[PDB]
């Protein structure tokens, strides 16, 4: 039975929860407040990915159609296309970026089940979300860290699902901006500035980059050839960081928070298949399986079976 979706409100009212300039110290009451405010967005993402995962298992046409029912409801309500309410930061825009990515990823996986009506309304919505999220970054002040790279997930998934060569080129630029930002020692300076979370955010920056390159495979393109060796350096630094945080400790100036690779760390499920040295990523692979609705759902199964299930 396909549950009723949350309201697809045009407006988003998120609240930033970091207190320091490095955006590494969390106010627990602001975080709890945000989680309540963005509950319909996280619930939307979690369900459409749940439904896409179940469709991908086979013999569950119904789950794929339930994902589409949710997507079509939010598309027809103009969800997230209204006001991005500013409380103390741009958290509302960050949510639109992540939720667009989850929505476009789910559509990419389930569109074979979509009626023409659903295709028209969802794709129009996803293209409007792509234009809105991209326009946010037209402001110079907004620094293009991992939030920028995650914006490429929704743009890329929309591009592949709609066969929009223009959005494809926009997504490639976002991917390449990330690859271009990798320094010769493997670091991403804006993620290295997050102190105790430097490892966490190098991990979180690698995830959309890898996902974009993997979606490019769906159209026969090998984006891993761009600046050959840069992504490998970044990805290896992350894998090494979970083994031993000494290098991140030294370059960030802070002792990294102890954490097991989880969720969006599942970019490793794909990258271990692309790396010339897969054994570097066995430790991270062993922490699987990995699931993240913002990346389409079960990364462990998608790496084995493909992002888009066979119709």
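In PDB author numbering, the protein residues as written are 26 to 336.
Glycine included, every Cβ here is placed at the ideal spot set by N, Cα and C.
Run the CB neighbour count on residue i, radius 10 Å, all protein chains shown included, and call it buried at 16 or more, exposed below.
| i | result |
| --- | --- |
| residue 167 | exposed |
| residue 195 | buried |
| residue 335 | exposed |
| residue 37 | buried |
| residue 171 | buried |
| residue 183 | buried |
| residue 121 | buried |
| residue 282 | exposed |
| residue 280 | exposed |
| residue 297 | buried |
| residue 302 | exposed |
Tell me the DSSP secondary structure of residue i in three-state form.
| i | result |
| --- | --- |
| residue 42 | coil |
| residue 317 | strand |
| residue 322 | strand |
| residue 37 | strand |
| residue 105 | coil |
| residue 332 | coil |
| residue 150 | helix |
| residue 281 | coil |
| residue 30 | coil |
| residue 167 | coil |
| residue 185 | helix |
| residue 131 | helix |
| residue 117 | helix |
| residue 112 | coil |
| residue 73 | helix |
| residue 209 | coil |
| residue 303 | helix |
| residue 140 | coil |
In whole angstroms, give me the CA-to-CA distance for residue i and residue j.
| i | j | result |
| --- | --- | --- |
| residue 207 | residue 333 | 29 Å |
| residue 198 | residue 191 | 11 Å |
| residue 53 | residue 42 | 7 Å |
| residue 254 | residue 261 | 10 Å |
| residue 318 | residue 110 | 23 Å |
| residue 160 | residue 307 | 39 Å |
| residue 285 | residue 94 | 35 Å |
| residue 72 | residue 125 | 14 Å |
| residue 316 | residue 178 | 16 Å |
| residue 58 | residue 288 | 22 Å |
| residue 92 | residue 214 | 38 Å |
| residue 241 | residue 323 | 18 Å |
| residue 299 | residue 248 | 11 Å |
| residue 251 | residue 26 | 45 Å |
| residue 236 | residue 273 | 24 Å |
| residue 30 | residue 105 | 15 Å |
| residue 276 | residue 264 | 16 Å |
Give the DSSP bridge partners of residue i, in chain order.
| i | result |
| --- | --- |
| residue 51 | 43 |
If you scan the segment 229–295 from start to end, which runs of the alpha helix (DSSP H) of 4 or more residues do you find wholly inside it?
255–268, 271–277
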